[PDB]
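What follows is a short report on a single structure.
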Amino acid sequence: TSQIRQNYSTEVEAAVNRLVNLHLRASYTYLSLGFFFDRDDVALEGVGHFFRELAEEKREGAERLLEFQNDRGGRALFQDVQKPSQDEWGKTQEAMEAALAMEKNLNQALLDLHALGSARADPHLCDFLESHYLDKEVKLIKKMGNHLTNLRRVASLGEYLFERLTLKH
Amino acid sequence: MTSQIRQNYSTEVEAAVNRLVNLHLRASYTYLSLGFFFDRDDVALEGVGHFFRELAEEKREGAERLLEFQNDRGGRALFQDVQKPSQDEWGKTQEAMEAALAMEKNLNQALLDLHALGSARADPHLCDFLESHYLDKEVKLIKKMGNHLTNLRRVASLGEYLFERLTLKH
Amino acid sequence: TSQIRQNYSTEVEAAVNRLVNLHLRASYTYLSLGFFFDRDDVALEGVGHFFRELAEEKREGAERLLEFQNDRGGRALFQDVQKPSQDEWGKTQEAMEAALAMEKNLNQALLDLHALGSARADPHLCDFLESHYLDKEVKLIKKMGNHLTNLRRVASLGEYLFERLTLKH
Amino acid sequence: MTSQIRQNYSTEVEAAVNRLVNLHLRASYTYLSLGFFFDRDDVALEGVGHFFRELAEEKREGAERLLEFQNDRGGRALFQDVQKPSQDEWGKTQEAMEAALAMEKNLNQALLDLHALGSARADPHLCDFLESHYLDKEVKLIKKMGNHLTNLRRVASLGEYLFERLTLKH
Amino acid sequence: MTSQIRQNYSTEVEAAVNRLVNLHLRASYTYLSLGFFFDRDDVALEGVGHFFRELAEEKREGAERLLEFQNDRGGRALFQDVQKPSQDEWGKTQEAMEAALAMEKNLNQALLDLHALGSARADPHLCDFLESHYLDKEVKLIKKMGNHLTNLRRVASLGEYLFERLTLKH
Amino acid sequence: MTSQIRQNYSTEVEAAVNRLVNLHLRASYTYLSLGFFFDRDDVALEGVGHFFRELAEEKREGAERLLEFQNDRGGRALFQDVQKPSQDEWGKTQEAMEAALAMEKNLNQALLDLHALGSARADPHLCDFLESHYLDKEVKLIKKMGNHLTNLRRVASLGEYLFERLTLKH
């Protein structure tokens with residue numbers, strides 16, 4: 001009943017609310033990962049920083065979806081944000097393998113929303129996802145793959161040198 | 001004879017582009033009318049005038065960008081009469097903005113219909129042109145007009161004066 | 001019944017509304033001319049630019065008349081803007097001959113409005129037209145005449161060189 | 001096994017810090033909800049939106065500072081679900097700010113309860129951390145919210161519009 | 001042994017990307033040939049040479065961006081021979097630009113065919129990549145080549161000299 | 001007809017210049033393949049990728065300078081197919097750099113053979129062109145590749161990672 005709502009399906013509106021929740025859950029997971037690597041008994045500041053920066057990127061992704069929801073005349077509906085899947089994240093390689101799986105899951109959710117937009121002929125939604133999400137996800141997944149290949153190469157002394165010489169401080 | 005440049009450009013899309021030019025010029029003309037109406041001595045809402053005069057220029061630029069697209073794809077611009085605006089007098093700010101919102105939703109629907117035609121004819125250059133330069137601009141403008149109407153309803157007159165003074169740009 | 005209206009005849013008010021329409025029709029004609037010369041099969045960018053600049057000048061002329069109408073307490077009344085007289089404009093020389101005829105017609109309409117102002121003793125109108133329209137029209141008609149003389153001189157290779165060496169890009 | 005750094009840091013304070021993290025994240029999430037609610041086209045109070053969006057970030061920073069403290073003292077961060085906000089729709093500015101004031105007083109009481117626990121366990125580093133970074137910030141924010149509610153009551157609507165225009169930052 | 005990163009990236013798209021890399025390299029090589037031909041002492045049209053040399057670099061950049069895309073999606077670049085250009089001598093400016101326009105329309109058709117494959121395989125990242133970096137670039141270049149050919153026909157030699165002096169950049 | 005400018009320029013040198021253009025283009029293409037191989041997600045040695053991508057551009061510039069020389073002397077550029085690179089996958093950094101060193105020594109031998117032909121045909125402008133723009137560049141590049149291989153052998157993997165991080169430019 002929004003005065004502005006036009007060509008905006010209830011199915012897309014609900015899927016947007018679910019994708020907000022998925023972004024907030026990813027942000028929360030990266031917050032957990034970020035602080036884990038700053039424990040005195042882990043102490044990999046570059047790994048901490050990498051995950052803390054991703055926590056902020058995923059939260060910005062959620063906020064952009066909420067702005068889209070308001071711009072199209074849908075109604076934001078919030079759900080609980082589930083705690084992250086682990087309390088302790090293991091070595092850098094295991095943490096980045098978990099991050100890569102979570103990003104591929106988020107990318108699949110974005111591609112599923114794009115498919116719904118295409119099926120409901122909502123080209124504003126298609127363009128929003130292509131402009132702000134799909135290439136960002138491809139570039140981030142590629143960067144995580146590159147990191148995992150280098151962590152496998154240096155496999156520990158190798159994990160220290162990866163944090164010192166690849167990751168930003 | 002067919003343009004030396006024309007490629008993957010349907011005659012139906014070419015004709016629809018010419019109609020969208022006319023719809024943009026008609027919207028521009030309506031906003032010009034609205035703009036000067038609010039600058040009458042017996043209406044005298046300069047911020048409302050300015051809002052509509054800026055939209056008259058934005059819709060004219062939308063028309064010009066479509067004409068450039070028509071030339072870039074090798075179609076032929078065909079102009080029709082630009083119909084005079086639907087009203088001579090536009091009433092209070094709220095009634096004028098309700099008219100503007102209906103006009104923008106109509107223009108948005110015309111853009112979405114052209115996008116559907118492009119998608120059916122597999123003209124991805126057209127789809128990307130509309131998505132890049134029109135569809136998000138229409139969403140943002142319709143949202144801003146909605147916000148304005150909610151605030152005009154809230155202040156409903158003294159409220160109309162304060163809206164023009166404290167929300168609209170001069 | 002305007003609180004401001006003074007020495008402003010209904011005849012002048014109606015003639016101002018007609019001159020607005022004539023300026024908008026001239027603007028629309030120049031818009032058509034401007035895009036015609038940017039067709040891939042015409043491709044005279046300087047001629048396109050010349051007409052696009054005139055489209056904006058004629059629209060500004062209409063807007064100035066509307067501001068005058070409001071300043072004097074008249075009421076703007078809009079009519080349909082008739083489509084331009086041609087869909088295709090021929091060579092540069094033929095297009096500029098059509099433009100010169102249209103400007104002389106607009107100049108005659110301005111001189112007719114000045115005559116009406118003089119007959120109705122509306123010196124504010126006389127001064128408005130003299131300050132903002134009559135000399136502009138004389139200078140533009142002179143410039144169009146100069147252009148036509150040069151297009152006749154170079155009469156094609158000549159039309160190309162005129163666009164390259166006389167017209168602005 | 002106990003951290004190599006842990007010193008004078010009770011397991012009860014460690015657990016209370018984890019709960020205060022969750023309370024700050026829940027407050028952040030509530031303010032995010034409030035922030036986007038006031039930017040709906042049918043609410044359209046941008047200054048109210050901005051006020052709550054800025055508080056969402058301040059509460060998230062409060063959570064992050066507590067997690068840094070947990071690591072600095074050799075405790076272990078343990079995360080729980082962040083409960084969704086108590087409302088989906090927040091009503092007029094005054095009702096939303098009354099909800100925010102009650103949430104801030106609840107958070108302030110949680111901080112004061114943690115300070116009492118620190119004082120009982122003689123953890124002066126914790127007492128000073130809360131005093132330096134939380135307790136005065138909560139006092140100042142609660143005072144500002146009180147001032148806002150007094151002005152919203154004064155202008156009680158046209159008054160709600162003028163409060164958003166003339167008191168709140170854009 | 002499927003890439004750790006590969007997601008929603010069909011073997012058909014992967015193969016078509018490798019073919020489009022080869023088509024871009026062949027276009028680059030053709031423009032290199034055109035560029036040096038116009039700088040022969042017995043042709044000596046520096047502006048025409050520069051036009052084609054710049055296009056050789058643009059088409060090579062197009063190939064490199066496709067190879068970066070292939071790596072970003074987890075596909076594997078497979079290179080083939082780059083076929084020598086279709087002519088050794090390119091005739092007058094007008095004949096060379098007619099051959100260039102035919103080659104660009106062929107490349108644009110290959111880009112549109114890849115977009116159709118992306119649309120059929122629901123690979124929206126591919127669709128957006130082509131729309132953002134290739135399809136509008138091709139439309140604008142084809143339009144520019146059409147404009148050039150119209151002016152070369154107009155001045156048809158002394159005309160070809162004046163076109164190179166007064167239209168083309170040095 | 002002979003060029004109006006051609007002087008002291010043998011048909012043998014003209015043909016050998018055309019072959020050396022093709023050899024430079026094939027070396028460029030090989031380095032392009034190496035450059036993208038090392039940017040695969042499952043190789044991910046950005047400094048190695050950068051090293052080869054920079055060489056791809058240097059070899060292409062070498063080809064372009066030979067084509068400019070061909071035109072300056074009044075010869076006629078004749079292009080052949082550019083053969084695809086000898087491998088699709090290049091192995092570890094050390095194996096790729098061993099393949100690059102063998103390819104550069106082959107290119108250096110072709111440059112020395114062209115110099116010998118110039119000396120035999122008493123073409124001192126050719127001799128000076130090769131000495132000034134090619135022979136010292138090849139010696140310096142081969143020396144740098146030898147240095148790289150010695151360091152890759154020293155650090156032989158963790159060593160390969162550290163070489164890319166601490167020796168190669170990003």
Side-chain angles (χ1 to χ4, degrees), chain A residues 91-93 96-97 100 142-167, chain E residues 1-6 18 64 67-68 70-79, chain F residues 26-59 84-107 141-170:
Chain A
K91 297 294 222 271
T92 307
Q93 189 183 322
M96 282 248 5
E97 287 165 344
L100 174 60
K142 173 61 161 67
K143 178 189 298 300
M144 291 182 171
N146 294 344
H147 286 352
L148 282 167
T149 296
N150 279 287
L151 282 156
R152 291 169 188 137
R153 170 174 289 113
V154 301
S156 82
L157 180 55
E159 182 174 0
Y160 171 78
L161 291 172
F162 179 78
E163 181 272 337
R164 290 287 86 189
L165 298 180
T166 296
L167 297 179
Chain E
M1 63 216 52
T2 309
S3 190
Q4 71 190 324
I5 66 175
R6 195 183 185 126
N18 285 328
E64 291 171 338
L67 289 164
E68 178 180 52
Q70 182 80 284
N71 274 344
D72 281 349
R73 293 301 298 279
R76 294 303 172 244
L78 287 179
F79 295 98
Chain F
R26 186 158 188 255
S28 179
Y29 194 25
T30 299
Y31 288 133
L32 184 71
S33 176
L34 278 154
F36 279 98
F37 174 79
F38 281 95
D39 287 339
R40 287 172 41 163
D41 75 275
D42 64 358
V43 180
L45 291 165
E46 186 272 328
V48 182
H50 180 74
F51 175 82
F52 291 127
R53 292 285 299 291
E54 289 299 315
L55 286 180
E57 182 76 59
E58 169 52 75
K59 294 305 145 175
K84 71 178 175 174
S86 59
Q87 300 175 217
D88 297 327
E89 304 191 48
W90 294 101
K92 297 292 225 279
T93 306
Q94 189 185 320
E95 310 167 70
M97 296 211 56
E98 285 168 345
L101 173 62
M103 199 167 62
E104 282 309 317
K105 293 185 98 189
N106 183 73
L107 189 57
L141 175 60
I142 289 169
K143 173 62 162 65
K144 176 187 287 171
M145 291 181 170
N147 297 341
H148 286 353
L149 282 168
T150 296
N151 278 290
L152 282 156
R153 293 167 187 139
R154 175 175 283 119
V155 301
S157 83
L158 178 55
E160 179 172 5
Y161 171 81
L162 292 171
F163 178 79
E164 180 271 338
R165 290 287 89 189
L166 299 180
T167 295
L168 297 179
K169 280 80 179 200
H170 315 123

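All values below come from the heavy atoms of this structure, side chains included, with hydrogens, waters and symmetry mates left out. In the text below, chain A, chain B and the rest are named by the order of the sequence lines, each starting its count at 1.
- Across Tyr161(F) and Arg153(A), no two heavy atoms sit closer than the pair CB-CD, 3.8 Å.
- Between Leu152(F) and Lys92(F) there is no side-chain heavy-atom pair separated by less than 4.5 Å.
- Interatomic distance, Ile5(E) CD1 to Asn71(E) CG, rounded to the nearest 0.5 Å: 7.5 Å.
- Taking 4.5 Å as the limit, some side-chain heavy atom of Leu34(F) sits within range of a side-chain heavy atom of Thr30(F).
- Under the 3.5 Å distance criterion, the side-chain polar atoms of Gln4(E) are matched with a main-chain donor or acceptor of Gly145(A).
- Residues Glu98(F) and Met145(F) form no side-chain contact, since every pair of their non-hydrogen atoms from C-beta on lies 4.5 Å or further apart.
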Q. Given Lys142(A) and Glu68(E), is the salt bridge (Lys or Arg N to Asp or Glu O under 4.0 Å) satisfied, shown in steps?
A. CA-CA 11 Å; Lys142(A) 173 61 161 67; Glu68(E) 178 180 52; over 6 Å; no
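- Two residues are said to be in side-chain contact when any heavy atoms from C-beta on lie closer than 4.5 Å; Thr149(A) and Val43(F) fail this criterion.
- A distance of 9.0 Å separates NZ in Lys84(F) from OH in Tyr29(F), rounded to the nearest 0.5 Å.
- Scanning all heavy atoms of the two residues, the minimum distance from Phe37(F) to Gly91(F) falls at CE2-O, 3.5 Å.
- You'll find the side chain of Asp42(F) reaches within 4.5 Å of the side chain of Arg76(E), heavy atoms only.
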Q: Kindly determine whether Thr167(F) and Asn147(F) satisfy side chain to side chain contact (heavy atoms under 4.5 Å, CB included), including the steps that lead there.
A: CA-CA 10 Å; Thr167(F) 295; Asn147(F) 297 341; over 6 Å; no
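- Once rounded to the nearest 0.5 Å, the distance linking CD of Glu58(F) with OG of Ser28(F) reads 10.0 Å.
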Q: Would you check, one step at a time, whether the test side chain to side chain contact (heavy atoms under 4.5 Å, CB included) holds for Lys59(F) with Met103(F)?
A: CA-CA 12 Å; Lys59(F) 294 305 145 175; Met103(F) 199 167 62; over 6 Å; no
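- Contact of the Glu159(A) side chain with the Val154(A) side chain is not registered, since no non-hydrogen atoms from C-beta on lie closer than 4.5 Å.
- Using bins of under 30°, 30° to 60° and over 60° for the plane-to-plane angle, the ring pair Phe162(A)/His147(A) lands in the perpendicular bin.
- Residues satisfying the side chain to side chain contact (heavy atoms under 4.5 Å, CB included) test with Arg53(F), not counting sequence neighbours, are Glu64(E), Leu32(F), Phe36(F).
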Q.
Please determine whether side chain to side chain contact (heavy atoms under 4.5 Å, CB included) holds for the pair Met97(F) and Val48(F), giving the CA-CA distance in whole Å, both sets of side-chain angles, and the decisive distance to 0.1 Å.
A. CA-CA 9 Å; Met97(F) 296 211 56; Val48(F) 182; 5.7 Å; no
Q: List the steps and the verdict of side chain to side chain contact (heavy atoms under 4.5 Å, CB included) for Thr92(A) and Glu163(A).
A: CA-CA 9 Å; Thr92(A) 307; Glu163(A) 181 272 337; 6.0 Å; no
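- From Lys144(F), atom NZ reaches atom CG of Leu149(F) across 13.0 Å, with rounding to the nearest 0.5 Å.
- Across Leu78(E) and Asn18(E), no two heavy atoms sit closer than the pair N-OD1, 3.3 Å.
- Scanning both residues, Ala100(F) and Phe52(F), for their nearest heavy atoms gives CB-CE2, 3.8 Å.
- A 4.5 Å side-chain heavy-atom check between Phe51(F) and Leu45(F) finds every atom pair outside the cut-off.
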Q.
side chain to side chain donor-acceptor pair (under 3.5 Å), that's the test. Do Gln87(F) and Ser33(F) meet it? Break it down for me.
A. CA-CA 9 Å; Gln87(F) 300 175 217; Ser33(F) 176; over 6 Å; no
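- Contact record, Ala77(E) with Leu67(E): CB-CD2, 3.7 Å, taken as the closest heavy-atom pair.
- The salt bridge (charged side-chain N to carboxylate O under 4.0 Å, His left out) test applied to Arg26(F) returns no partner, not counting sequence neighbours.
- Residues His50(F) and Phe38(F) keep their aromatic ring centres 6.0 Å or farther apart.
- Taking all atoms of both residues into account, the shortest heavy-atom contact from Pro85(F) to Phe79(E) is CD-CB, 4.0 Å.
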